[PDB]
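Containing mmCIF, C-alpha atoms: structure-v9.cif.
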```
data_start
#
loop_
_atom_site.label_atom_id
_atom_site.label_comp_id
_atom_site.auth_asym_id
_atom_site.auth_seq_id
_atom_site.Cartn_x
_atom_site.Cartn_y
_atom_site.Cartn_z
CA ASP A 1 -22.31 -19.38 -7.54
CA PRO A 2 -23.27 -17.51 -10.75
CA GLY A 3 -24.09 -15.63 -8.33
CA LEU A 4 -27.69 -15.97 -7.26
CA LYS A 5 -26.65 -15.79 -3.59
CA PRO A 6 -26.72 -12.56 -1.55
CA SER A 7 -23.88 -11.66 0.76
CA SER A 8 -23.95 -10.37 4.35
CA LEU A 9 -27.17 -11.96 5.63
CA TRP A 10 -26.81 -10.37 9.09
CA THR A 11 -30.47 -9.36 9.27
CA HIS A 12 -31.37 -13.08 9.35
CA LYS A 13 -28.35 -14.41 11.25
CA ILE A 14 -27.51 -11.94 14.03
CA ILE A 15 -30.21 -13.22 16.37
CA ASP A 16 -29.30 -16.93 16.24
CA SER A 17 -25.63 -16.01 16.48
CA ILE A 18 -26.32 -14.54 19.92
CA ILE A 19 -28.68 -17.22 21.26
CA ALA A 20 -27.04 -20.16 19.52
CA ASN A 21 -23.21 -20.31 19.70
CA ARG A 22 -23.03 -17.13 21.84
CA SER A 23 -21.05 -14.70 19.68
CA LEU A 24 -19.68 -11.69 21.55
CA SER A 25 -19.00 -9.76 18.34
CA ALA A 26 -22.62 -10.13 17.26
CA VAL A 27 -23.77 -8.59 20.55
CA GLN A 28 -21.54 -5.53 20.08
CA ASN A 29 -22.93 -4.92 16.59
CA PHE A 30 -26.52 -5.47 17.72
CA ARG A 31 -26.55 -2.89 20.52
CA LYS A 32 -25.07 -0.31 18.13
CA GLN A 33 -27.97 -0.61 15.66
CA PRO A 34 -30.88 1.85 15.57
CA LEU A 35 -34.37 0.83 16.62
CA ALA A 36 -35.56 0.19 13.06
CA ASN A 37 -32.56 -1.99 12.19
CA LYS A 38 -33.12 -3.82 15.48
CA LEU A 39 -36.79 -4.73 14.98
CA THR A 40 -36.08 -6.30 11.57
CA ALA A 41 -33.89 -8.91 13.27
CA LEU A 42 -36.24 -9.89 16.12
CA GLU A 43 -38.93 -11.26 13.82
CA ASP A 44 -36.41 -13.48 12.02
CA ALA A 45 -35.88 -15.27 15.30
CA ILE A 46 -39.63 -15.92 15.50
CA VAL A 47 -40.49 -16.73 11.88
CA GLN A 48 -37.84 -17.44 9.30
CA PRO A 49 -38.61 -16.38 5.71
CA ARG A 50 -38.78 -19.36 3.35
CA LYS A 51 -36.90 -18.88 0.08
CA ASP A 52 -37.60 -20.75 -3.15
CA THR A 53 -34.46 -22.69 -4.09
CA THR A 54 -35.69 -23.66 -7.57
CA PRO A 55 -34.01 -20.86 -9.65
CA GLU A 56 -30.76 -21.34 -7.72
CA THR A 57 -30.84 -25.08 -8.43
CA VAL A 58 -31.62 -24.68 -12.14
CA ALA A 59 -28.88 -22.07 -12.55
CA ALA A 60 -26.45 -24.43 -10.79
CA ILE A 61 -26.55 -26.97 -13.63
CA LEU A 62 -26.49 -24.42 -16.45
CA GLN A 63 -23.12 -23.31 -15.11
CA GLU A 64 -21.89 -26.92 -15.13
CA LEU A 65 -22.67 -27.34 -18.83
CA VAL A 66 -20.65 -24.17 -19.42
CA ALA A 67 -17.88 -25.65 -17.26
CA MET A 68 -17.80 -28.89 -19.24
CA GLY A 69 -17.81 -26.88 -22.47
CA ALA A 70 -21.15 -28.31 -23.56
CA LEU A 71 -22.68 -24.94 -24.46
CA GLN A 72 -21.46 -21.40 -25.01
CA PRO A 73 -21.75 -18.76 -22.25
CA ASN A 74 -24.18 -16.66 -24.31
CA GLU A 75 -26.73 -19.49 -24.23
CA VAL A 76 -27.41 -19.58 -20.47
CA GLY A 77 -29.22 -16.32 -21.11
CA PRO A 78 -32.07 -17.73 -23.20
CA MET A 79 -31.90 -21.35 -21.99
CA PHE A 80 -32.38 -20.43 -18.32
CA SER A 81 -35.70 -18.68 -18.90
CA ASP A 82 -36.77 -21.58 -21.13
CA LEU A 83 -36.15 -24.11 -18.35
CA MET A 84 -37.71 -22.02 -15.58
CA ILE A 85 -40.88 -21.60 -17.67
CA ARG A 86 -41.12 -25.40 -17.86
CA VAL A 87 -40.77 -26.06 -14.12
CA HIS A 88 -43.28 -23.33 -13.30
CA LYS A 89 -45.82 -25.16 -15.47
CA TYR A 90 -45.10 -28.83 -14.78
CA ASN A 91 -44.26 -28.53 -11.08
CA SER A 92 -44.61 -31.81 -9.18
CA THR A 93 -42.80 -34.00 -6.66
CA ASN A 94 -41.28 -36.06 -9.50
CA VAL A 95 -39.76 -32.85 -10.89
CA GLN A 96 -38.49 -31.52 -7.54
CA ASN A 97 -36.69 -34.83 -7.02
CA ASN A 98 -35.20 -34.61 -10.52
CA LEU A 99 -33.61 -31.26 -9.69
CA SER A 100 -32.07 -32.59 -6.47
CA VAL A 101 -30.56 -35.73 -8.03
CA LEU A 102 -28.99 -33.67 -10.82
CA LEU A 103 -27.78 -31.22 -8.16
CA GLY A 104 -26.43 -34.11 -6.09
CA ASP A 105 -24.34 -35.21 -9.07
CA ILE A 106 -22.74 -31.77 -9.37
CA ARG A 107 -21.24 -31.83 -5.88
CA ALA A 108 -20.26 -35.50 -6.13
CA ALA A 109 -18.44 -34.81 -9.40
CA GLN A 110 -16.27 -32.07 -7.90
CA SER A 111 -15.69 -33.74 -4.52
CA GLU A 112 -14.08 -36.60 -6.44
CA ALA A 113 -11.82 -33.99 -8.05
CA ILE A 114 -10.78 -32.85 -4.56
CA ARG A 115 -9.89 -36.21 -2.99
CA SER A 116 -8.15 -37.68 -6.05
CA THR A 117 -5.92 -34.67 -6.77
CA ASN A 118 -5.47 -33.97 -3.02
CA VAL A 119 -6.00 -30.22 -3.24
CA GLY A 120 -6.83 -30.28 0.47
CA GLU A 121 -3.08 -30.27 1.04
CA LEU A 122 -3.09 -26.91 -0.77
CA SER A 123 -6.09 -25.56 1.16
CA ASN A 124 -3.89 -22.81 2.59
CA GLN A 125 -2.96 -21.41 -0.83
CA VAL A 126 -6.53 -21.27 -2.15
CA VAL A 127 -7.73 -19.05 0.70
CA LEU A 128 -4.51 -17.03 0.44
CA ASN A 129 -4.51 -16.51 -3.34
CA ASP A 130 -8.10 -15.34 -2.97
CA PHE A 131 -6.92 -12.80 -0.41
CA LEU A 132 -4.13 -11.31 -2.57
CA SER A 133 -6.59 -10.76 -5.44
CA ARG A 134 -8.73 -7.71 -4.63
CA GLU A 135 -5.67 -5.85 -3.24
CA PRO A 136 -4.47 -2.80 -5.21
CA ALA A 137 -1.05 -4.39 -6.08
CA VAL A 138 0.43 -0.88 -6.60
CA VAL A 139 1.11 1.08 -3.42
CA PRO A 140 2.38 4.66 -3.23
CA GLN A 141 5.74 5.09 -1.44
CA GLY A 142 6.82 1.44 -1.48
CA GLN A 143 6.52 -1.24 -4.20
CA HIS A 144 9.79 -3.07 -3.51
CA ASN A 145 9.02 -3.80 0.12
CA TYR A 146 5.44 -4.52 -0.95
CA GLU A 147 6.27 -7.09 -3.62
CA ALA A 148 8.86 -8.75 -1.36
CA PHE A 149 6.45 -8.88 1.58
CA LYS A 150 3.97 -10.94 -0.43
CA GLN A 151 6.66 -13.38 -1.58
CA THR A 152 7.79 -14.00 2.00
CA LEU A 153 4.15 -14.37 2.98
CA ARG A 154 3.62 -17.01 0.28
CA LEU A 155 6.79 -18.68 1.56
CA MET A 156 5.37 -18.91 5.09
CA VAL A 157 2.17 -20.52 3.78
CA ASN A 158 4.17 -23.34 2.18
CA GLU A 159 7.04 -23.80 4.66
CA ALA A 160 5.42 -23.46 8.10
CA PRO A 161 4.24 -26.81 9.55
CA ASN A 162 0.68 -26.07 10.75
CA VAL A 163 -1.04 -22.89 9.57
CA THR A 164 -4.80 -23.15 9.10
CA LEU A 165 -5.41 -19.76 7.37
CA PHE A 166 -9.19 -19.77 7.44
CA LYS A 167 -11.48 -16.81 6.80
CA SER A 168 -14.59 -15.21 8.23
CA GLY A 169 -17.12 -13.30 6.11
CA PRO A 170 -15.38 -10.04 5.19
CA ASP A 171 -11.72 -10.76 6.04
CA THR A 172 -9.11 -13.52 6.29
CA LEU A 173 -7.71 -14.70 9.62
CA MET A 174 -4.59 -16.80 10.20
CA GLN A 175 -4.02 -19.20 13.10
CA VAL A 176 -0.69 -20.72 14.18
CA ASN A 177 0.08 -22.95 17.16
CA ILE A 178 1.47 -20.29 19.52
CA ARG A 179 -1.28 -20.42 22.16
CA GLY A 180 -3.11 -17.32 23.30
CA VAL A 181 -3.18 -14.78 20.47
CA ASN A 182 -2.96 -17.30 17.61
CA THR A 183 -5.12 -15.31 15.22
CA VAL A 184 -3.96 -12.48 12.96
CA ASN A 185 -6.36 -10.48 10.80
CA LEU A 186 -4.57 -10.17 7.45
CA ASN A 187 -7.01 -7.56 6.15
CA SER A 188 -6.74 -4.93 8.89
CA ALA A 189 -2.99 -5.52 9.02
CA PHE A 190 -2.71 -4.32 5.41
CA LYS A 191 -4.65 -1.13 6.13
CA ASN A 192 -2.22 -0.33 8.95
CA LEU A 193 0.70 -1.17 6.64
CA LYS A 194 -0.72 0.98 3.83
CA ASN A 195 1.57 3.95 4.48
CA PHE A 196 4.53 2.26 6.18
CA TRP A 197 6.34 0.77 3.18
CA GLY A 198 8.60 3.54 1.91
CA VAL A 199 8.98 5.26 5.26
CA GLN A 200 12.63 6.04 5.97
CA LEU A 201 13.90 6.64 9.52
CA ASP A 202 14.98 10.26 9.11
CA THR A 203 12.19 12.63 10.22
CA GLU A 204 11.74 11.94 13.95
CA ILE A 205 11.71 14.75 16.50
CA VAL A 206 11.21 11.98 19.06
CA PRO A 207 11.60 8.26 18.26
CA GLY A 208 8.05 7.03 18.17
CA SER A 209 4.94 8.25 16.25
CA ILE A 210 6.06 5.93 13.47
CA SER A 211 6.42 2.62 15.33
CA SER A 212 3.53 3.54 17.65
CA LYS A 213 0.95 3.64 14.85
CA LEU A 214 1.69 -0.06 14.30
CA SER A 215 -1.29 -1.62 16.06
CA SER A 216 -1.21 -4.81 18.11
CA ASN A 217 -2.75 -6.66 15.15
CA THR A 218 -0.09 -5.94 12.52
CA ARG A 219 2.76 -6.17 15.03
CA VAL A 220 2.04 -9.87 15.57
CA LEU A 221 2.05 -10.36 11.78
CA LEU A 222 5.53 -8.82 11.70
CA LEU A 223 6.47 -11.32 14.44
CA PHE A 224 5.26 -14.41 12.57
CA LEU A 225 7.02 -13.55 9.30
CA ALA A 226 10.31 -12.57 10.96
CA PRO A 227 12.12 -15.99 10.98
CA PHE A 228 11.20 -16.80 7.37
CA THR A 229 12.95 -13.77 5.84
CA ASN A 230 16.58 -12.81 5.19
CA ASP A 231 18.77 -9.80 4.56
CA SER A 232 18.38 -10.39 0.80
CA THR A 233 14.82 -9.14 1.27
CA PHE A 234 13.29 -5.63 1.96
CA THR A 235 15.32 -2.69 0.66
CA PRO A 236 17.85 -1.42 3.22
CA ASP A 237 17.75 1.68 5.44
CA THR A 238 13.95 1.73 5.44
CA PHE A 239 11.54 1.33 8.34
CA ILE A 240 10.21 -2.11 7.49
CA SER A 241 13.65 -3.56 6.70
CA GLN A 242 14.88 -2.69 10.20
CA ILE A 243 11.81 -4.06 11.96
CA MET A 244 12.29 -7.40 10.22
CA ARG A 245 15.91 -7.61 11.36
CA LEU A 246 14.88 -6.59 14.88
CA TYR A 247 12.03 -9.09 15.22
CA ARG A 248 14.19 -11.78 13.61
CA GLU A 249 16.91 -11.38 16.24
CA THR A 250 14.42 -11.41 19.10
CA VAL A 251 13.25 -14.84 17.92
CA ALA A 252 16.60 -16.30 16.83
CA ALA A 253 18.03 -15.19 20.20
CA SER A 254 15.07 -16.34 22.33
CA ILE A 255 15.74 -20.05 21.82
CA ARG B 1 -36.02 68.90 5.80
CA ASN B 2 -39.82 68.93 5.50
CA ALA B 3 -40.29 65.29 6.50
CA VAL B 4 -43.51 64.48 8.34
CA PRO B 5 -43.20 63.20 11.93
CA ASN B 6 -45.11 60.20 13.35
CA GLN B 7 -44.01 57.77 10.65
CA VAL B 8 -45.22 54.30 11.60
CA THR B 9 -43.18 51.56 9.94
CA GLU B 10 -44.35 48.07 9.05
CA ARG B 11 -42.73 44.98 7.54
CA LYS B 12 -43.56 41.94 5.43
CA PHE B 13 -41.83 39.21 3.44
CA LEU B 14 -42.28 37.29 0.20
CA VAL B 15 -41.45 33.60 -0.12
CA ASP B 16 -41.91 32.19 -3.62
CA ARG B 17 -41.50 28.63 -4.94
CA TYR B 18 -41.27 27.15 -1.44
CA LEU B 19 -43.28 24.83 0.79
CA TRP B 20 -43.15 25.46 4.54
CA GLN B 21 -41.50 22.23 5.65
CA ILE B 22 -41.87 20.93 9.21
CA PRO B 23 -39.57 17.96 9.89
CA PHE B 24 -40.76 15.18 12.20
CA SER B 25 -37.61 14.71 14.26
CA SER B 26 -36.52 15.46 17.82
CA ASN B 27 -34.20 18.26 16.94
CA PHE B 28 -35.52 19.91 13.80
CA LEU B 29 -32.59 18.92 11.56
CA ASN B 30 -31.74 15.98 9.32
CA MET B 31 -29.85 13.08 10.87
CA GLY B 32 -31.39 10.47 8.59
CA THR B 33 -34.06 9.77 6.00
CA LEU B 34 -35.82 7.47 8.48
CA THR B 35 -36.12 9.92 11.36
CA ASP B 36 -35.69 9.15 15.05
CA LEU B 37 -39.25 9.99 16.08
CA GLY B 38 -40.52 8.16 13.00
CA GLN B 39 -39.01 4.91 14.23
CA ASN B 40 -40.79 5.02 17.59
CA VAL B 41 -44.19 4.17 16.13
CA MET B 42 -44.06 0.35 16.13
CA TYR B 43 -44.77 -0.73 19.68
CA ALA B 44 -48.05 -2.41 20.74
CA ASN B 45 -49.66 -1.82 17.29
CA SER B 46 -49.09 1.97 17.71
CA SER B 47 -52.18 3.73 16.32
CA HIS B 48 -52.22 7.53 16.46
CA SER B 49 -54.53 10.26 15.20
CA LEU B 50 -53.84 13.99 14.86
CA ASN B 51 -55.53 17.25 13.92
#
```

Could I get this file's structure written as structure tokens?
Amino acid sequence: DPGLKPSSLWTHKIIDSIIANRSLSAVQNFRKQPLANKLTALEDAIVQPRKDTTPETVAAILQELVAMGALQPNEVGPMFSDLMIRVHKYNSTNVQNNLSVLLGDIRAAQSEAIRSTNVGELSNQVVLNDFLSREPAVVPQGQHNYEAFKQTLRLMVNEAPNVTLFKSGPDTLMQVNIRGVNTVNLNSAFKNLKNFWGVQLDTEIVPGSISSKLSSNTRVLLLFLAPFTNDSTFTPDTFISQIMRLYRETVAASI
Amino acid sequence: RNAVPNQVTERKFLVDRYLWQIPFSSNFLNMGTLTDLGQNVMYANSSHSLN
């Protein structure tokens, strides 16, 4: 999208995510809401607000002419309001079909670029390179375990046999074939691992209160990446370099 | 030393540049811009008068 599309449409979608397809997470968010936020989602079950898709369809083909290099990016400023002022005047069924056929040729032009190049084989990397983008890329107390953790995570995406690595709205999940607790939230695992990069195992009155703050989410992520690392990895005598040689030898021994 | 007895005292106050605000909430403090008692006027067309 340019984008002309809003994000987080939960005020229109939380009520047919409970009735249709029976989401338990949508129920837990819905009971939490105040009474005013709750009544603005009960009407959208009854009547759904109809949105005009004309300016989103016209702006879809102005971005294609930029993508083909037909016109400069400063020209979709004036040319968009010159094409919307024409379809407001001469609006008819013969025009509304002309927008859809041109829009149908945009998706058919790029779906041919997907099947011929076979980028569906690299569908794991596209979701994953989008995830490692908005990250800070410079952590305090770390930065050699942090760079090496991403490289062993990109290695698991390419070398593991069947990883789906899909995403929900806000975050990115990751599903492997170990049944049960397949899924790992990669986003909330990097907020738990925000402080635990340059931690060294020196200051412990009792063992614990460092390895106990590792939640059950990010502990499973440290279990999936454990066979695909080495000792020529995370810098030695740290906290994360001794987890990854503990979880490696509880998988290489449990065979 | 020569002060008069039976001195009645009396008080007052001055408030300038201020409007006496009365919030419409259950407790009289601010939990939100859209108050809690302000949300419970929606149900069954909810018409109220006051004086």

Legend entry - Proximal residues of chain A relative to chain B (all atoms listed in the file; 9 Å) as a PyMOL selection string: chain A and resi 34-36+39

Inset, instruction - Tell me, as a PyMOL selection string, which residues lie within 12 Å of residue 224 of chain A, counting only C-alpha atoms; anything in the same chain fewer than 3 positions away does not count. - result: chain A and resi 152-153+155-157+160+163+174-178+181-184+186+217-221+227-229+244+247-248+250-251

Chain and number of each residue from the PyMOL selection byres ((chain B and resi 26) around 10), as an mmCIF file with C-alpha atoms, in the coordinates of the input:
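Below is the file that was written, selection-v8.cif:
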```cif
data_model
loop_
_atom_site.group_PDB
_atom_site.id
_atom_site.type_symbol
_atom_site.label_atom_id
_atom_site.label_comp_id
_atom_site.auth_asym_id
_atom_site.auth_seq_id
_atom_site.Cartn_x
_atom_site.Cartn_y
_atom_site.Cartn_z
ATOM 1 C CA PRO B 23 -39.570 17.960 9.890
ATOM 2 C CA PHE B 24 -40.760 15.180 12.200
ATOM 3 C CA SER B 25 -37.610 14.710 14.260
ATOM 4 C CA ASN B 27 -34.200 18.260 16.940
ATOM 5 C CA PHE B 28 -35.520 19.910 13.800
ATOM 6 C CA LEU B 29 -32.590 18.920 11.560
ATOM 7 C CA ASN B 30 -31.740 15.980 9.320
ATOM 8 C CA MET B 31 -29.850 13.080 10.870
ATOM 9 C CA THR B 35 -36.120 9.920 11.360
ATOM 10 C CA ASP B 36 -35.690 9.150 15.050
ATOM 11 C CA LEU B 37 -39.250 9.990 16.080
ATOM 12 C CA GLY B 38 -40.520 8.160 13.000
#
```

Inset, instruction - Can you pull out every residue within 9 Å of residue 13 of chain A, counting only C-alpha atoms, but drop anything in the same chain fewer than 3 positions away, and send it as a VMD selection string? - result: chain A and resid 9 to 10 16 to 18 41 44 to 45

Would you write out those residues with C-alpha atoms, as a compact mmCIF listing (two decimals), in the coordinates of the input?
```txt
# COMPACT_ATOMS: atom_id res chain seq x y z
CA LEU A 9 -27.17 -11.96 5.63
CA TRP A 10 -26.81 -10.37 9.09
CA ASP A 16 -29.30 -16.93 16.24
CA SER A 17 -25.63 -16.01 16.48
CA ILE A 18 -26.32 -14.54 19.92
CA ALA A 41 -33.89 -8.91 13.27
CA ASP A 44 -36.41 -13.48 12.02
CA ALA A 45 -35.88 -15.27 15.30
```
